[PDB]
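Visitor: There's a structure below that I have some questions on.
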Amino acid sequence: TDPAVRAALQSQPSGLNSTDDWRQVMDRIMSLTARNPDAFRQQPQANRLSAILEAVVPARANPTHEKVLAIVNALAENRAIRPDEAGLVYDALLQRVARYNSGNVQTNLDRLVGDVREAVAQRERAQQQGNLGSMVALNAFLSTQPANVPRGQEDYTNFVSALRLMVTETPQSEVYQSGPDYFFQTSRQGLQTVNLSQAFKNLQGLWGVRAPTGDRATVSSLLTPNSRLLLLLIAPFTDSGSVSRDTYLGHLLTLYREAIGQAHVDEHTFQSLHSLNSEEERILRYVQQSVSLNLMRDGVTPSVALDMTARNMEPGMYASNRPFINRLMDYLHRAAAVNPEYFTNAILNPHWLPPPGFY
Amino acid sequence: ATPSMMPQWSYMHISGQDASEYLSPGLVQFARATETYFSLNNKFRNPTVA
Amino acid sequence: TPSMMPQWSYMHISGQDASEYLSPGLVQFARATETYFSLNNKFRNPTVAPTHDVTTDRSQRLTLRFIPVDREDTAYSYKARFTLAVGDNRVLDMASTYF
Amino acid sequence: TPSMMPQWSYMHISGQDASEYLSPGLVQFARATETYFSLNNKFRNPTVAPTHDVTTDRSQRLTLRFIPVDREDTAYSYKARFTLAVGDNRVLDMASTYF
Amino acid sequence: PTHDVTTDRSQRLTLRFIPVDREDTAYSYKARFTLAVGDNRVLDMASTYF
Amino acid sequence: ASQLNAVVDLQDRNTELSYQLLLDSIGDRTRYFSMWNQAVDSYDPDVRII
Amino acid sequence: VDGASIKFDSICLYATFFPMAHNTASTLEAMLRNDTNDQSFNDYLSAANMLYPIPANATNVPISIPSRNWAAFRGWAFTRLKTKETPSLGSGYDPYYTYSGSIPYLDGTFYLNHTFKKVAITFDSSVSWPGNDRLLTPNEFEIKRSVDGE
Amino acid sequence: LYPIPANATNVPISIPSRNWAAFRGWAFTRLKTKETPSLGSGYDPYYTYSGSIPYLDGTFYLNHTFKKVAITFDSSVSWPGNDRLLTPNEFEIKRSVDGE
Amino acid sequence: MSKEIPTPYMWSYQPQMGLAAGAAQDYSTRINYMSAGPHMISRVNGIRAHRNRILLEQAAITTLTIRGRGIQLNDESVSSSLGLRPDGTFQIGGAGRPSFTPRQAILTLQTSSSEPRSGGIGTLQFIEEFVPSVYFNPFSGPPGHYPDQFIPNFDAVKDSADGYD
Amino acid sequence: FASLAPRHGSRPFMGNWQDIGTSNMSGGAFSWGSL
Amino acid sequence: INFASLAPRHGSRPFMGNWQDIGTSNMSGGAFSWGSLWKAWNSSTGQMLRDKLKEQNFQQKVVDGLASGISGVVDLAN
Amino acid sequence: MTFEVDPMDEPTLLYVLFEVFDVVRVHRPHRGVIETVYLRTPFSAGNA
Amino acid sequence: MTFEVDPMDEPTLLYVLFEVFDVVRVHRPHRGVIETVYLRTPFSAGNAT
Amino acid sequence: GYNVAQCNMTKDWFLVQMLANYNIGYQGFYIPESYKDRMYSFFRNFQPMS
């Protein structure tokens with residue numbers, strides 16, 4: 001739910017709109033609330049009295065459980081203990097406090113809930129900020145590595161700074177030491193683990209002399225695949241010109257940088273004016289049916305048929321749709337007067353619609 | 001425990017807020033989540049006042 | 001509805017139902033006093049069946065009868081084969097079919 | 001064809017419900033003609049038990065036989081005391097208990 | 001060859017057709033079938049038989 | 001058009017008992033409907049258990 | 001043997017169509033031919049059935065299933081019935097079925113459920129599914145007990 | 001070679017998941033256990049028979065006793081999975097008297 | 001073997017749920033060179049390195065008359081032929097010309113599902129997404145930093161799914 | 001609103017607006033559930 | 001594309017059924033309402049006939065098609 | 001599994017129903033064409 | 001794979017040749033040296049480095 | 001060939017009665033739900049005899 005251990009706690013030890021927030025209740029009981037006034041004025045007597053009795057003389061509460069649960073929940077969300085251990089340690093701490101209680105203990109407990117709230121927030125933001133531990137490990141490893149390369153030095157230190165930037169700029173990356181080596185995992189529970197010590201040992205001999213030899217694949221087999229992965233992981237970093245070009249290392253970095261680039265980019269890219277309302281269609285079908293019925297079973301003239309249809313209409317709908325019905329009646333009248341074939345066709349064939357220009 | 005001085009009519013749920021009010025939001029959510037198999041709905045009284 | 005005779009609507013034969021033509025107020029009163037004084041059994045709520053696009057006016061059967069196109073026999077079991085036909089503008093619910 | 005979707009989302013096992021995978025037109029049609037043309041029994045809705053955070057994979061008893069820790073038989077009554085112990089991270093609902 | 005030979009959508013390899021008309025006589029027997037080639041495949045009549 | 005059978009009946013699957021249980025589930029079974037000859041067999045309880 | 005005989009004469013098929021209006025029926029048809037608005041069904045018993053012979057005076061029924069994948073498996077259901085009162089599966093005509101009464105495998109009138117003693121479960125020929133100490137007798141579901149001081 | 005007990009009628013076989021690249025197909029035949037020797041190191045003291053060896057020489061003679069072959073990948077998908085057989089998902093070799 | 005040219009790991013699919021089951025090193029396509037000299041052994045190692053380069057890269061980079069549904073259908077809106085309707089007098093006999101209404105019939109025939117899904121993956125997308133993954137330095141981290149997706153008995157939320165309940 | 005209602009909670013106990021009713025022998029019923 | 005006109009009208013308002021009603025049932029966990037609620041060696045005659053009458057008819061609570069009956073209380077046998 | 005039952009002096013058969021999922025999806029993309037996709041999950045066509 | 005066979009009194013075995021590819025490559029650097037590299041694509045002999 | 005329920009009643013008449021009293025027509029012939037079948041209803045009194 002919520003990470004703030006105060007909030008993720010207070011959902012557990014609290015009623016809903018009780019007299020813990022006295023001001024809201026006192027506002028609602030008199031008339032002050034504007035959302036729905038006179039709500040309280042019309043409840044049963046008991047309830048009303050009881051709230052009032054609660055309101056004028058508040059009832060004291062014991063907040064020990066709330067604070068202890070807050071600190072326990074803070075421990076749980078900070079991986080101090082397992083949730084089952086949380087259920088146990090809540091009672092453990094409760095007994096501890098209950099057998100040593102004092103006003104000083106309550107004061108320290110409030111101090112502690114504040115401290116643990118801040119601690120949880122800090123831990124979360126630090127875990128999303130870059131994981132200084134990896135930076136410390138990387139600096140230790142770099143201190144282990146020599147800082148002087150007899151063949152070429154600008155490319156070496158530029159690459160070192162690039163690696164530093166890479167480990168800093170992408171949190172969730174891991175740098176550590178398991179055996180007598182340092183490694184670099186691009187993510188917890190993630191593949192792509194680079195043997196950093198071996199990669200640097202292999203790359204020491206290729207810094208300042210592989211520029212003239214980049215054209216011939218005579219020494220290309222000196223690059224162990226682990227170091228190849230290490231270079232691949234730093235393609236987005238070490239942009240053009242950081243590593244001197246026309247160098248085998250520089251050539252690989254440029255190729256990898258160009259490739260990754262096209263990819264992300266492409267990826268973010270990814271991927272009759274008047275017609276009647278249903279009510280008017282119902283009216284039209286009714287007019288058709290009534291006129292056809294009168295004209296076919298009573299033999300009346302078409303004008304009288306139209307007149308007879310009109311009257312038998314529901315007055316509310318007839319008045320509501322007076323203009324459209326009037327226009328339709330006049331149109332049918334003049335059609336029956338002028339073109340009997342068209343009138344008979346338009347009065348006998350469903351799926352018919354008034355032609356444009358009738359509007 | 002802690003001796004309480006709330007008016008006994010509400011402190012014994014004789015007349016006052018019903019279950020989904022005086023209970024915790026967390027407990028209410030949990031009870032509603034597990035209404036099917038492990039029913040907690042009969043463990044708390046709902047006062048009814050005419 | 002166009003051909004709704006106003007005497008029907010006044011006599012609550014068709015048109016607005018009980019919850020709407022009544023004053024809002026009575027409605028509420030009723031909802032509240034449901035438990036003790038019923039008042040739902042004394043007003044009428046009209047119900048109206050739809051007219052168009054529900055039933056085919058053209059000549060059409062209801063209970064079709066299919067005959068066995070071919071039949072085979074044996075000393076213990078026999079076979080019957082029917083050419084079930086469902087013409088357009090129709091839908092057949094197999095639950096009704098029965099030999 | 002399974003080449004489209006997993007075999008459980010297909011064949012309507014754990015996955016979306018009927019009121020969700022059906023096209024809006026068909027849903028509205030069924031909601032319209034519910035009274036005189038049933039379409040409810042001709043589709044499927046998966047019922048999926050929750051996977052986690054309900055039961056425990058650890059060893060845990062389902063029933064315990066509590067031998068009385070002390071008895072005092074009398075010419076008129078029998079008195080038994082049981083040390084009812086509820087283990088950690090377990091909840092006992094007294095309704096199930098019986099003598 | 002990998003592709004452009006066999007389909008992935010279902011097709012059946014073999015179809016059995018039931019006569020629509022039949023007529024017995026003292027000496028003959030007439031059967032009539034409605035052969036239906038699918039909308040994309042092709043049929044070599046040599047494979048068909050009674 | 002193409003005799004692609006739609007009923008693939010296996011031998012493990014049992015249909016008669018399935019229909020019996022379904023008929024029990026969706027409606028009362030004690031009643032009799034003569035059209036389907038629907039009358040569940042039963043024994044007089046005073047006879048099975050004297 | 002009793003000579004009761006039966007001889008079918010004729011058979012016709014009856015169907016009943018809801019007289020839907022043609023426009024609405026056509027719309028419904030065009031709706032039900034969607035790739036998505038497809039009909040689906042599941043057999044109510046949802047079962048797979050198998051049967052296993054038990055000779056006379058037998059008192060133990062081992063059953064083994066080879067290596068299998070058990071996704072979505074729902075549970076077990078079992079009963080005991082007389083061999084004399086069950087026809088041969090699938091075969092058109094059984095000449096040994098000399099019985100005419102109730103057929104519990106078909107009409108679902110079981111009457112032997114009381115005869116079961118106990119059931120044991122074992123996965124990979126090692127572990128037991130009832131489980132981690134769940135029941136009183138953790139190894140095997142004990143249905144009914146004879147004289148048992150516990 | 002996967003074993004079949006006396007009077008047994010179903011011979012299910014399972015293979016743990018592996019890559020099947022460049023697979024070609026199957027081929028099978030039944031052999032009487034007394035015939036084929038233990039595919040081991042020289043002497044098989046339980047091999048007491050001196051006739052033809054259909055596992056070795058190629059004189060298979062029991063292919064006429066196969067009834068059904070069902071092939072399923074991952075225990076949910078039949079291999080000819082496009083209804084590309086008259087029967088739904090089985091390579092029905094020989095049909096008994098049930099001549100539909 | 002070698003932490004630099006590793007035999008790749010190949011995923012296993014579970015058709016039923018649509019998720020991907022545990023994977024494993026490929027064990028059916030290994031090359032047995034145990035009877036070769038340094039020449040061919042270096043050649044084979046280079047070949048496996050080439051295969052690994054192909055895999056890594058691939059994975060990372062590569063992620064009128066409407067057709068109706070395979071048989072096209074024509075479309076007409078004013079194709080209404082039988083203009084008569086049975087009033088009190090007429091009596092219309094058998095009729096019916098099936099025509100797809102342009103807006104109503106076709107759109108109602110091609111609507112998608114009401115709400116899109118959220119769950120497993122189909123076969124084609126699994127093939128396109130779950131290429132064999134090359135694991136370079138196996139399990140080189142502290143406990144808890146290992147790729148748990150590989151173990152089939154591992155559940156993402158509740159860790160280490162106890163088999164047999 | 002109404003204060004004349006049984007209150008099972010602080011919130012009132014009120015039925016559906018649409019509660020007023022009809023049935024004619026007719027079969028003008030033969031209609032479905034409360035659900 | 002609105003199908004409300006097809007439905008019965010309950011008065012200026014279509015009678016649209018609940019969309020949450022599409023069938024699903026299996027062996028266990030699926031239960032439906034309307035349960036199986038239910039030469040004389042003994043000549044009592046009376047209760048007997050009465051009982052037979054009872055046997056042929058019905059009663060339950062979700063039988064709320066139409067109306068429950070006047071003044072009220074909400075009860076069980078759900 | 002190892003059942004055991006009280007003796008009966010006639011042949012009898014244990015019947016076990018292995019609860020399974022048995023569903024079928026029905027399709028109909030044109031006039032008079034039925035396509036179905038059967039499926040039994042715990043025991044599909046390759047059953048034991 | 002599931003098979004069905006007719007009953008027989010003696011025990012029997014179903015042989016299921018599974019086809020695979022099986023390839024051997026031969027190379028010779030100098031006088032009297034043979035180096036072979038085997039393979040079996042869907043059922044490997046197995047060797048990893 | 002028009003009677004039903006093994007008694008002398010035309011399926012037309014039976015269908016009309018069932019449709020009028022329970023709408024159990026076109027979609028099968030299940031027994032009417034108990035609450036829809038009062039004492040004066042059609043089904044509860046329909047008795048075929050032979």
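We name chains A, B, ... following the order of the structure tokens; residues begin at 1 in each chain, and ligands are numbered from 1 as shown.
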Pull the closest atom pair for each residue of chain N that gets at most 10 Å from chain K, along with the distance in Å to one decimal, counting only C-alpha atoms, ordering rows by chain and then ascending residue number, as a tab-separated table.
Guide:
```
residue	atom	partner	partner_atom	distance
N:33	CA	K:34	CA	7.6
N:34	CA	K:58	CA	6.4
N:35	CA	K:63	CA	5.5
N:36	CA	K:65	CA	7.9
N:37	CA	K:57	CA	8.4
N:38	CA	K:57	CA	7.2
N:39	CA	K:57	CA	6.4
N:44	CA	K:56	CA	7.8
N:45	CA	K:56	CA	9.5
```
Visitor: Could you dump the residues just selected with N, CA, C and O atoms as a tab-separated table (two decimals), in the first residue's frame?
Guide:
```
chain	number	residue	atom	x	y	z
N	33	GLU	N	-38.45	-23.27	-13.24
N	33	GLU	CA	-38.02	-22.95	-11.88
N	33	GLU	C	-39.22	-22.97	-10.95
N	33	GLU	O	-40.33	-22.59	-11.33
N	34	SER	N	-38.99	-23.42	-9.72
N	34	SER	CA	-40.11	-23.67	-8.81
N	34	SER	C	-40.95	-22.42	-8.59
N	34	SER	O	-42.18	-22.48	-8.64
N	35	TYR	N	-40.31	-21.27	-8.37
N	35	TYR	CA	-41.07	-20.07	-8.07
N	35	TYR	C	-41.90	-19.60	-9.26
N	35	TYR	O	-42.93	-18.95	-9.05
N	36	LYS	N	-41.49	-19.91	-10.48
N	36	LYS	CA	-42.27	-19.55	-11.66
N	36	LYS	C	-43.42	-20.50	-11.92
N	36	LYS	O	-44.21	-20.25	-12.83
N	37	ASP	N	-43.53	-21.58	-11.16
N	37	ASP	CA	-44.53	-22.61	-11.40
N	37	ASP	C	-45.42	-22.71	-10.16
N	37	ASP	O	-45.21	-23.57	-9.30
N	38	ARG	N	-46.44	-21.86	-10.10
N	38	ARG	CA	-47.35	-21.82	-8.97
N	38	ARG	C	-48.28	-23.03	-9.02
N	38	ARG	O	-48.17	-23.88	-9.91
N	39	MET	N	-49.21	-23.12	-8.08
N	39	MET	CA	-50.11	-24.27	-8.05
N	39	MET	C	-51.05	-24.26	-9.25
N	39	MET	O	-51.40	-25.32	-9.78
N	44	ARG	N	-47.34	-27.94	-13.18
N	44	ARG	CA	-47.48	-28.71	-11.95
N	44	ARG	C	-48.70	-29.62	-12.00
N	44	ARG	O	-48.78	-30.61	-11.26
N	45	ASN	N	-49.65	-29.34	-12.89
N	45	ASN	CA	-50.86	-30.13	-13.00
N	45	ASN	C	-50.88	-31.01	-14.24
N	45	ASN	O	-51.78	-31.84	-14.38
```
Visitor: Grab the Cα RMSD for chain D fitted onto chain C, all atoms paired in sequence order, one decimal please.
Guide: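 With all C-alpha atoms paired in order, the RMSD is 3.5 Å.
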Visitor: May I have all residues of region 142-281 of chain A that DSSP, computed from the backbone, assigns to strand (DSSP E), given as a PyMOL selection string?
Guide: chain A and resi 174-177+182-185+193-195
Visitor: Include N, CA and C atoms and write out the residues we just selected as a short mmCIF file (atom, residue, chain, number, x, y, z; two decimals), in the first residue's frame.
Guide:
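See again.cif below for the written result:
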```cif
data_model
loop_
_atom_site.label_atom_id
_atom_site.label_comp_id
_atom_site.auth_asym_id
_atom_site.auth_seq_id
_atom_site.Cartn_x
_atom_site.Cartn_y
_atom_site.Cartn_z
N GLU A 174 25.39 -3.56 -9.87
CA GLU A 174 26.12 -4.09 -8.73
C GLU A 174 27.60 -4.17 -9.07
N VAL A 175 28.44 -3.65 -8.17
CA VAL A 175 29.89 -3.82 -8.24
C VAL A 175 30.35 -4.36 -6.90
N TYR A 176 31.14 -5.42 -6.93
CA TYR A 176 31.50 -6.10 -5.69
C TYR A 176 32.76 -6.92 -5.92
N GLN A 177 33.10 -7.72 -4.91
CA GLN A 177 34.23 -8.63 -4.98
C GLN A 177 33.83 -9.94 -4.32
N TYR A 182 37.17 -8.49 -8.97
CA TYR A 182 36.03 -7.59 -8.90
C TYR A 182 35.15 -7.84 -10.12
N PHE A 183 33.84 -7.68 -9.93
CA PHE A 183 32.88 -7.97 -10.99
C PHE A 183 31.93 -6.80 -11.16
N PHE A 184 31.03 -6.92 -12.13
CA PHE A 184 30.08 -5.87 -12.44
C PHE A 184 28.84 -6.49 -13.06
N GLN A 185 27.77 -6.59 -12.28
CA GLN A 185 26.49 -7.12 -12.74
C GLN A 185 25.59 -5.96 -13.10
N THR A 193 27.35 -10.63 -16.43
CA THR A 193 28.34 -10.36 -15.39
C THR A 193 29.74 -10.33 -15.99
N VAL A 194 30.44 -9.22 -15.77
CA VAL A 194 31.74 -8.99 -16.38
C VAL A 194 32.82 -9.16 -15.32
N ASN A 195 33.80 -10.01 -15.61
CA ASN A 195 34.96 -10.19 -14.73
C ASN A 195 35.84 -8.96 -14.90
#
```
Visitor: Which residues of chain K come within 12 Å of chain I, and what is each one's closest atom pair and distance in Å (one decimal), counting only C-alpha atoms, sorted by chain and residue number, as a Markdown table?
Guide:
```
| residue | atom | partner | partner_atom | distance |
| --- | --- | --- | --- | --- |
| K:1 | CA | I:104 | CA | 6.6 |
| K:2 | CA | I:104 | CA | 10.0 |
| K:3 | CA | I:104 | CA | 11.2 |
```
Visitor: I need the residue nearest chain F from this list: C:26, C:77, C:99, C:92. Use only C-alpha atoms for the distance.
Guide: C:99
Visitor: What's around region 31-36 of chain I at 12 Å? Count only C-alpha atoms, leave out sequence neighbours fewer than 2 positions away in its own chain, and write the answer as a ChimeraX atom specification.
Guide: /I:7,26-29,38-45,47-48 /M:22-29,33-49
Visitor: List the spatial neighbours of residue 64 (chain C) as a list in words - criterion: any atom at most 8 Å away, only C-alpha atoms, same-chain residues fewer than 6 positions off excluded.
Guide: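 Listed by chain and then number, they are residues 14, 15, 16 and 17 of chain G.
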Visitor: Next, dump the selected residues to file, keeping only C-alpha atoms, as a short mmCIF file (atom, residue, chain, number, x, y, z; two decimals), in the first residue's frame.
Guide:
```cif
data_model
loop_
_atom_site.label_atom_id
_atom_site.label_comp_id
_atom_site.auth_asym_id
_atom_site.auth_seq_id
_atom_site.Cartn_x
_atom_site.Cartn_y
_atom_site.Cartn_z
CA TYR G 14 -37.22 -31.67 -34.65
CA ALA G 15 -35.77 -28.19 -34.25
CA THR G 16 -37.29 -24.94 -33.00
CA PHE G 17 -36.20 -21.52 -34.26
#
```
Visitor: For residue 148 (chain A), list every protein, DNA or RNA residue within 10 Å, evaluated using only C-alpha atoms, and leave out those in the same chain fewer than 6 positions away; present the list as a list in words.
Guide: residues 156, 157 and 204 of chain A
Visitor: Compute the set of chain E residues within 12 Å of chain H, using only C-alpha atoms, and express it as an NGL selection string.
Guide: :E and (6-16)
Visitor: Tell me as an NGL selection string which residues belonging to chain C come within 8 Å of chain K, counting only C-alpha atoms.
Guide: :C and (14-17 or 34-38 or 41 or 45-50 or 52-54)
